[PDB]
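The sequence shown: position 14 = 14 (PDB author numbering), numbered continuously.
Built from N, CA and C at the ideal position, the CB exists for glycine as well.
Have a look at the structure below before the remarks.
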Amino acid sequence: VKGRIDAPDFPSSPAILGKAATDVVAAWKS
């Protein structure tokens, strides 16, 4: 189910959303 992946994805949620924002801003240099 989604609950099993939701647990591990919970902590990664803020990491993925936070990295994507800083990744797009920095990618502007490329």
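Segment limits, alpha helix (DSSP H) that includes residue i
{"i": "residue 25", "result": "2-27"}
C-alpha gap between residue i and residue j, whole angstroms
{"i": "residue 11", "j": "residue 29", "result": "29 Å"}
{"i": "residue 16", "j": "residue 27", "result": "16 Å"}
{"i": "residue 14", "j": "residue 24", "result": "16 Å"}
{"i": "residue 20", "j": "residue 7", "result": "20 Å"}
{"i": "residue 2", "j": "residue 9", "result": "10 Å"}
{"i": "residue 5", "j": "residue 22", "result": "25 Å"}
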